[PDB]
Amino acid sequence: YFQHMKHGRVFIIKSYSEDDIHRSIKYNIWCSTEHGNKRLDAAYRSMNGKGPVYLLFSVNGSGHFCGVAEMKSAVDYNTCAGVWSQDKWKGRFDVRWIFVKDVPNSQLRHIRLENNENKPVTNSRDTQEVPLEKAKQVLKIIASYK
């Protein structure tokens, strides 16, 4: 249960590669775009441990979110090249996967993001930030979905 969360920031991850998500679950690491890496680094560092950064993962075109992971370190920008599905993916940070489970978009699309033109949360791009009150609604639904 994620209702205890008073602080904390939540981002959507949209992957072109399901293989990269499988690698991320296996080794508890992730990376993002050049902009996404800077956005997440800033958010993690500004938290100063006062609350979590959660990542809500979804494979482009799958019609479902596939789980949730907590960001667990700052971004190292200079790391081994070519570990992901494509060479463009640079950098690395630790994550801890909290839920690994498929949740259909139909369960989530009523939740709209006031910072993204009131678009459904299921129509977000990679690294879209989610307002906390809408993030808690998404997390409650992922956690109790069966």
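When you see a residue number, it is the position in the sequence shown, counting from 1. Just so we're on the same page, rigid core means the largest C-alpha set that superposes within 1.5 Å between forms.
When the other structures are laid on the shown form by the core, the C-alphas of 76-84 and 89-97 differ in how far they drift in 9 other deposited structures of this protein; the larger average drift belongs to 89-97. Higher average CA B factor: 43-51, of the stretches 43-51 and 59-67. Annotation for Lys101: C-alpha temperature factor in the lowest third relative to the rest of the modelled chain, per the entry. Per the deposited record, the Cα B-factor of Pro120 falls in the middle third when ranked against the other modelled residues of its chain. When the modelled residues of the chain are ordered by C-alpha B-factor, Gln86 sits in the highest third. Residue-level temperature factors show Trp30 in the lowest third of its chain, judged at the C-alpha atom.
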